Amino acid sequence: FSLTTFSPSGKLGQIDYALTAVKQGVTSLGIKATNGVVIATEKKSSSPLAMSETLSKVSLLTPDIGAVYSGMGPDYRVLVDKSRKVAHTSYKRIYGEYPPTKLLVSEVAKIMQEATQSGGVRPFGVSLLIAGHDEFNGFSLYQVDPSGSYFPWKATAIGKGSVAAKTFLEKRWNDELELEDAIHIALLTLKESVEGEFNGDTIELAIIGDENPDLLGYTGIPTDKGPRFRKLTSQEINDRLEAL
Amino acid sequence: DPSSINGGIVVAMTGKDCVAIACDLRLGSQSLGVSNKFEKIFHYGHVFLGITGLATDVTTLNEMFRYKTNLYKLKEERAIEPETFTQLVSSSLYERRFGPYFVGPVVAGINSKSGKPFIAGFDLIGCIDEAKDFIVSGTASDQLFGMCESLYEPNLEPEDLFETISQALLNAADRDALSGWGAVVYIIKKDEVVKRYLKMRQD
Amino acid sequence: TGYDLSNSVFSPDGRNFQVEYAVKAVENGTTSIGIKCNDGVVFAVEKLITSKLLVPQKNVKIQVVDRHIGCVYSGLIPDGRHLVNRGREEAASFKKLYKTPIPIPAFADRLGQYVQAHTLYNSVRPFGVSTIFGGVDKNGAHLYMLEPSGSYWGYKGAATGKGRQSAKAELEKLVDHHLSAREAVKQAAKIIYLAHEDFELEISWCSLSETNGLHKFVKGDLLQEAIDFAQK
Amino acid sequence: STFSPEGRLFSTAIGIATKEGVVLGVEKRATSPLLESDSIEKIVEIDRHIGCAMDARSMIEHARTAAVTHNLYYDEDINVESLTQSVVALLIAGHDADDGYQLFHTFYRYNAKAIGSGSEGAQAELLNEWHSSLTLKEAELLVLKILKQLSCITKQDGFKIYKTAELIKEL
Amino acid sequence: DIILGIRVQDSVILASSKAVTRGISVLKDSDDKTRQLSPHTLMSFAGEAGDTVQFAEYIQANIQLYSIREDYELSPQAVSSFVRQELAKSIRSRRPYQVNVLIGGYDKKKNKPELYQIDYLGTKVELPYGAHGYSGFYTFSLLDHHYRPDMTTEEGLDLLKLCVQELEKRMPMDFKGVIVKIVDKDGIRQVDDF
Amino acid sequence: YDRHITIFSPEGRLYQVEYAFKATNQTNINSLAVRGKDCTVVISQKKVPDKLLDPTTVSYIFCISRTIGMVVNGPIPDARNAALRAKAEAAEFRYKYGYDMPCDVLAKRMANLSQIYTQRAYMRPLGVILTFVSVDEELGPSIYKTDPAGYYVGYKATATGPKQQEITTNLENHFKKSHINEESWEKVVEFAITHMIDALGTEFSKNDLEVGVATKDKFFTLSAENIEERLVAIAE
Amino acid sequence: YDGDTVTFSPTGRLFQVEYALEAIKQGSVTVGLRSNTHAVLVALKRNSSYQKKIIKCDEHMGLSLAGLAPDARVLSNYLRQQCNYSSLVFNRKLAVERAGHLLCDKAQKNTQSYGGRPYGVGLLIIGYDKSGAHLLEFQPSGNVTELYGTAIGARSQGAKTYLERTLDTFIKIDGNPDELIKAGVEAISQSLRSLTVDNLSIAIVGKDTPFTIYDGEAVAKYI
Amino acid sequence: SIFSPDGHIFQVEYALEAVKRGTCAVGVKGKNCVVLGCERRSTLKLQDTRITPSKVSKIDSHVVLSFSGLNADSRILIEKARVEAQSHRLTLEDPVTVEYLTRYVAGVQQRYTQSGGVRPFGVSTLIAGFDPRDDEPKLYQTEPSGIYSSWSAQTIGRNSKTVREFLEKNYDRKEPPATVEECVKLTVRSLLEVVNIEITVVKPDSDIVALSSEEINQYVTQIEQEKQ
Amino acid sequence: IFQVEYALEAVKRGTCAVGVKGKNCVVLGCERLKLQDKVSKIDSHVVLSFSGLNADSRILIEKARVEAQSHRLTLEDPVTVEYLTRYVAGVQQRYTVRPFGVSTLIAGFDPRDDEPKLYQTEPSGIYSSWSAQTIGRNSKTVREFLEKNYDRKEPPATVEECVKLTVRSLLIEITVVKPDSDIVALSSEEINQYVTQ
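Note that residue numbers begin from 1 in each chain and follow the written sequence, not necessarily the entry's scheme, while residues that lack coordinates are absent from the view. Whichever chain is written first becomes A and whichever ligand is written first becomes 1, with later ones labelled in order. This view covers only part of a larger assembly, and the values given relate to that part. For the side-chain quantities, the full set of heavy atoms in the structure was used; hydrogens and water were omitted.

Asker: Run through the interface of chain A and chain H, naming residues and quoting values.
Answerer: We call two residues in contact whenever any of their non-hydrogen atoms come within 4.5 Å of each other. Between chain A and chain H, the contact holds 33 residues from the first and 27 residues from the second. In short, buried area is how much 1.4 Å probe accessible area vanishes from two parts on joining, totalled over both. With both chains or domains summed, chain A and chain H bury close to 2,500 Å², and 58% of this area falls on carbon and sulfur atoms. When a carboxyl oxygen of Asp or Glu lies within 4 Å of a side-chain nitrogen of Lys or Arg, that pair is called a salt bridge. Where chain A meets chain H, there are one salt bridge. Here a polar contact is taken to be a pair of N or O atoms separated by no more than 3.5 Å, where protein atoms must pair a possible hydrogen donor with a possible acceptor and residues adjacent in sequence count only if both atoms sit in side chains. Where chain A touches chain H, the interface holds twelve residue pairs in polar contact. Here a strand is any run of E in DSSP of at least two residues, a helix any run of H or I of at least four, and the numbering for each starts at the N terminus. Those elements giving two or more residues to the side of chain A that touches chain H turn out to be α3 (101-117), β7 (138-144), β8 (150-152) and α4 (162-172) of chain A. The classification used treats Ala, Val, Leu, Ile, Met, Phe, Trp, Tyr, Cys and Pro as nonpolar, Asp, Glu, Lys and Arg as charged, and all other residues, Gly among them, as polar. Here the residues of the side of chain A that touches chain H sort into 13 nonpolar, 16 polar and four charged.

Asker: Explain the sheet that holds strand β3 (residues 40-43) of chain I residue by residue, including any values.
Answerer: Residues and elements named next belong to chain I. The sheet built from five strands is open, its strands ordered β3-β4-β5-β6-β7 with antiparallel pairing. With partners counted over all chains shown, the strands left at the sheet margins are β3 and β7 (127-129), one partner each. For this sheet, the mean inter-axis angle between neighbouring strands, taken without regard to orientation, is 25°. Pairing between strands is defined by DSSP: at least two bridges between them are needed. In terms of strand pairing, strand β6 (residues 117-121) meets β7 through three bridges, oriented antiparallel. Comment: axis = line fitted to C-alpha atoms, over the contacting stretch for helices; angle = value between 0 and 180 degrees taken between N-to-C directions.

Asker: Lay out the packing of aromatic side chains with the relevant residues and their values.
Answerer: How two aromatic rings sit relative to each other is set out by the distance from centre to centre and by the angle between their planes. Under the pairing criterion, centres of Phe, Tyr and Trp rings, with the six-membered ring standing for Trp, must be within 6.5 Å; the plane angle then separates stacked pairs below 30 degrees from edge-to-face pairs above 60, leaving the rest tilted. Applying the stated criterion across every chain yields a total of 39 aromatic pairs over all chains. Summarising the aromatic geometry, the rings of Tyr114(C) and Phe127(C) are spaced 5.6 Å apart at their centres and angled 55° between planes, so their arrangement reads as tilted. Of this pair, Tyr114(C) sits in helix α3 (residues 104-117) while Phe127(C) sits in the loop between α3 and β5 (129-137); the two residues are 13 residues apart in sequence, bridging distant segments of the chain. Burial classes follow relative accessibility: with a 1.4 Å probe on protein chains only, a residue under 20% of its type's maximum area counts as buried, one over 50% as exposed, and anything between as partly exposed. Classification of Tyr114(C) as buried rests on a relative accessible area of 14%. Residue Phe127(C) is classed as buried on the basis of its relative accessible area, which comes to 0%. With 5.7 Å between their ring centres and 80° between their planes, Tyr144(C) and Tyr152(C) make a pair best called edge-to-face. We classify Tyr144(C) as buried; its relative accessible area is 7%. In this structure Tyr152(C) comes out as buried when scored by relative accessible area, which is 7%. Feature note: the residues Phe107(C), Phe133(C), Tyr144(C) and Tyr152(C) constitute an aromatic cluster, connected by ring pairs. Placement of a charge over a ring requires the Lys NZ or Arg CZ to be within 6 Å of the ring centre, with the centre-to-atom vector within 35 degrees of the ring normal. Across the ring face of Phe136(A), the terminal group of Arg78(B) is positioned such that the distance to the ring centre comes to 4.6 Å.

Asker: Tell me what's going on with the side chain of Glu172(F), and back it up with residues and numbers.
Answerer: Topologically, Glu172(F) is positioned in helix α4 (residues 164-177). We count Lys and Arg on the positive side and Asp and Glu on the negative side, and we leave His and both chain ends out. At 4.5 Å, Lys176(F) is the nearest oppositely charged side chain to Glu172(F), a buried residue that forms no salt bridge. For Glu172(F), the residues in contact, after removing those within four places along its chain, are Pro48(A) and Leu49(A).

Asker: Help me get a handle on the sheet that holds strand β4 (residues 69-73) of chain F, residues and values and all.
Answerer: If you trace the six strands from one edge of the open sheet to the other, you get β3(A)-β7(F)-β6(F)-β5(F)-β4(F)-β3(F), paired in antiparallel fashion. Two strands in the sheet have a free side with no partner beyond their single neighbour: β3 (50-51) of chain A together with β3 (61-63) of chain F. Both β4(F) and strand β5 (residues 129-136) of chain F contribute to a ladder of five bridges, which runs antiparallel. In the sheet register, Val72(F) faces β5(F), and the bridge partner there is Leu130(F). Contacts between helix α2 (residues 76-97) of chain F and the sheet are confined to β3, β4 and β5 of chain F, with β3(F) contributing the most and set at about 20° to the helix.

Asker: Let's hear about the pattern of salt bridges: which residues, and what values?
Answerer: A side chain of one charge can pair with a side chain of the opposite charge when the charged atoms of the two come close. Within the structure shown, the criterion is met by 83 salt bridges over all chains. For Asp56(I), the salt bridge identified is with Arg98(I), shortest N-O distance 2.6 Å. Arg98(I) shares its class with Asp56(I); the two are buried. Linked by salt bridges that have partners in common, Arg66(F), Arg94(F), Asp100(F) and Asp217(F) make up one network.

Distances and angles like these do not, on their own, reveal function.
As structure tokens, this is what we get:
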């Protein structure tokens, strides 16, 4: 039997509860620039002895697409595993190229929607900011909600501090942003949201930008590109904080 | 040999900024010639597919690829490109590998973004054979191989490309028992496609 | 109240109430005990006489599994038979795949996994029996005791049922004061008689020396010696 | 699929079973003159020598399938009591070479039985009226009598539905 | 065996042999090897014994199901497409339908006669005239010689007379004549004076 | 009915998962794991209430693989279920991918199973917290801990149980003042036992502790006689 | 807690199983007893014809029912299936003890799995095999007891008490089927609060006797 | 998904409510074309408008589908409809009629109101297009209950009642809109009753065009100066 | 069963359908917003009309059509009206998570036969034969009219009489079914001429 059902007001209750779970989640944000996308999030820890470097809240789906979440982490982990699986089997093995951001986002939304309409399963308690690049649509940033609804954004924030983060991004965001300025604005918005310690180990950033052939892992095939997604290391974030 | 039942041949060549694909029109039941109107070249936008081999499989794959490219265009809001379509054809042949289709496809087209010629073929091993000069398929593949290998030269103008490919097809078809009854040549450019029917031996 | 009407539900305390109610069902059963001796194990059980019309020696309660494992249980006797049937299937499958008879700890784990599985889903009920079982294998004598929760441990001596506490009071004294198989049978009879405070005493045992490691029932002269020792 | 704490799980058809044959009778009780009276098949054949007076259609289909299967498998007519088990309130009536004429209503055999809202009085009227020497004529007329307050099974005719106007006029 | 079809200016003419032969003897000499799929579509079929009629009745049932479902007469082009799908699927199934068909129809929306030849592999081809098996080995030369797209039904019937005479003269077996049916804007009719 | 099956409450909480967390403490035994320079040690309280028990069998430390060991906090039936599943997964990985499953891969796979129980309403979460320890072929000494919610993370050192906070406080103080720098696994075992004693304020006999040591190419559990030597060395 | 067969009560009882046991108390009494040589079933049928309370499984075994008759049909058909399988695979007359254990293990399934209900019928099985005459009592809970004699169904306690007092006697009845049947008919009598040739039913099996049922005139000489 | 004591299905009624809370959709069919419209709701500054998809989705070269309700369910319906439209061609080599695709979508929606273990789609749809080798426009509606109907003009979603009242007294059955311009004018006027527009015109021979923001701007300017 | 009774309520809210069978034919009549712009053939000789949830009627009609063709495919003989009614009734029975909220009038002729047939089915899956019947909203009133205007000993004799009785009962689309697969729906102007007269 279905666990997600329409209430007399027409709302889906479990979807509202999953959105509440998301609103309790840690703040994460993404900013779309003229020459890239930056998606950032802060990393709270279960203990000071926990090795936070083992958990990545920003994950690569395809070498040109990456996702960050807000809400329940295990749900995000399984949903990312499924997203990678489908991006490979249902698109790349068929067409020889990785799906564009729009189609992969549609497929993630499909996965999340099925949990909203199948019996014996609750909705995913996460919202995703999926940033990617593709040749025909360019850089794009999508937010995906527990219901499977997704919209494109110039900049956005999800989680606990989403309201203040979005109010700040509306003021800061503008056209002709270069990706370095987008990173700067992302770090400022994330600093204003984090009440704890703020450094390269409590913050996680990744960018969709220029192709990185050095990360390709091989040479000699001129037509292979190299990932556009790249996580900023702890030191790379720290050096930028030292110039904030 | 299922591919030899109906016969027919397809050849694709690359010119200067343009592509040509040509095929014979004969459909036959082995020795008996049935139809002179069975065109083996289909297009799914700006990308052309010539399919030789068993005629039922040719029709089945034409229907299947029309379906798949229509869905691709609806979902992606863009037309499928020659390279993406080559990958799609390769994967679709593989999905039936055990109990395969008895066909040899030939993709021909111009990539709309880069605007440069593309032709590709698929062999029995299923390996994509993307060629800079020409692809041949069908019963007269040997005749076509020698003919194209002698006549082809790089960077042919469209009017010279037409003559080269039409002569290659006509002289190979003349020496193949199961090929003939007319030929059609497509000259594919950035902006237009010209379809021509060739005068040839009707025996 | 509220969290105890289904088998798969945790209460706010983290306790599963249906399993605890199955334990209550176990507590109602007749007393059964197991004793581990230096080279074997001994099983005994209190069989209550419901009426004079029961044929007095043919309502056997102790069950053998394969040839070296003996099982005795208290609580819902049909559930004990169900568990023993599953144990026999497991032992037979092990012997089929591997020509060696199933080791006692391996058998204990198989039964524990089966019993615990009945505590996972709401569509099934926990076993209402705590099962003392054991035997002799390539590495000695082993004595185990399941609980409706699927929990089990190795024991030097085990008791369960309505008289489990009185029986444990004597098992502790046995372990403190010692116990060979011959003496083990008599002490098992003594413990059953003491804990009973009509019934038929049924005894069984598996020892490397005295049974060559095969599970056998106590009958005839040895049974009568155990009974008179208990009366003594 | 549950037991109560007390241990128990939580028209009018009249039949008379004589030694010359069984007789069944029913109140059609059409709702309106428009309803096709012919289509009220409230007495049905189960086998050549078995019929019943009444989920109904499905059960009757399975009963007919079982009876024909038994005939196919054994080249013999299914015993009514065996059919009751192997198979709405029912009156099952039929004949066999083991016990002859029978009528059943968990199934218990009856010499005569009534079902429906009139059962509670028809039972007393049957108890007062039924006797062993009834010939098929009196059995028919007594069916009609208790209805006021057709079909038959015979070794010669088998199960058949009635003629009827005449037997009413003879009442 | 003999299944012939000719498309003329206004109609489609299908001819099929009347004989049914099982082994040593001719069982029937009046068999009709055609099914009316639609009020204006007619399918002739030939091949091995049981498959022909089984496939024909299956196709007729499915086409009538489509027609009733959509309250619309499927065009001959769509009917031939469906028949080709069914043949092409079965050829790579456990038991293929080894059946060759000619589908002659009058497309009421285009107001044009249409003739399609489909072999047991699913090789659909739209033809001016058609013939399945060895029957084409004799009739195609006559049809190539005499066929004109502008013939009237009378001229097409005369050309079928010529083809059937040639088959009777040279082909070894006795196919007991042909049944000739005409598909037209007025529906399907049978020529008895043939 | 949001409190009886794994579905969201109006607060977005999954009360069944949170109650499964409560179950983990119901065995009332504490454990801690520390990483040495080249080995990992796990310490767990072996509380034995009954004199008739065979202490050899009372054990919450499992040898999942040649290299990986697992200590469980929670009911022993669920702990054994988890251990069996982890053993099966490690063997299947060694079969499919041709090399021993890494500790963190096993932790991720187990946390994914746990998350599945937290997503499918038919299945209840296991009331166990799993702590995997190994000396990884690449990453070296490793501690990974999985919880009923499907969350897992690597640790420098970790403790679990009713007095988890006290042990974690002691470890935090030591790590501030100082991995555990020792030259052989015996010294880090002695260090772990010492900090267990100090945090719990309770002396231990050879019967009160169960100890598992992860070294290169072997995870093994110390017998009571070895723990006796370790306690003697601490007494010195 | 009594709504389904899966729920334990806080006291550890399965209410549905106890309700199924109460279902048997609604059925008419049936009595069973045996010597070493012969085993007897005596049943009070109730009406309309008197429903047959005895069921024959084999020449060497048969049974009677108290409670819900459809459950009796199911269990008896399963028992036939097992006996036929034993004779099919081993040519071995299935022992009465093993048949009883098969019934025990089959019925216990319904008391643990959801979706089913316990069999609301209690059965008495008598048989003769290489071990002699046997008598088993089957209950909805799955429990099976091998007995010298017993009675089940409404008001069977009186017959059971009579059998308890008479046990010293009828165990000694070797090779005298008539005296055993007389003792059985006397025992069932104390459960009445009468017997007619059509109401009463009797069955017997033993060393020489294949399982036979007496109904009608056949039982007249024993009333 | 079970009957109420009064015979209504609770989940279907609540899905109808979910549709009623959804954003507006409107369509009018004239002599030669069908026009679909919706208000952008582009009041948010950071929404990426240039790549935001339109409400109107092509199912096939000759058919478009608009909807109001839950977007996620609408995408499932759209993908199923596209797959069926292509499958019909692959089976019988003709494109679907608008009636056939409407019936398929309605059957999909119905199946979820009767099958157990699933909830209804909270989406009502407007399906517009032209039949193969035909020139008369077709416009249809589907809603969660699984029933469908043909319309000369219709609106769904929030404020559907008001603009439907407007349409009833502006659309004339005897003299329907005669040109694309009049259809677009009427569609814009109907949407302006609710207080930026996207307009899609579907025309025979698979001609589907989204009117540019300047073109709707000119239409709105004409309508506004008419209002004065 | 409660769900079946609620399905009956859904049936009784639906628009009324009516049928009358005369000597030679069966006539089915049916009761059909400002901006908005029943009888389904199962086979060439059988028609089905329904009242209730329109959506469920499509499921039933599709299944009935599939069975009507499958019968011809398995047995040469086309379905009889009795057989199709029985099949539709069984299909309705089996679904009782929710029943079909539809009652159906099934009319037509048996293959190569000339006795008109009219049948009814209801959500419980009970079916019966009628000389004239109506289903749907206010079906009781119009049925009461039929009971007194329809005559069992002298039923309508011609298509005109059957259509007249149907129109009077309804007081509109009319479908006339006649042997040899003759099914025709009357034109609007014909129905208007009947109504005015």
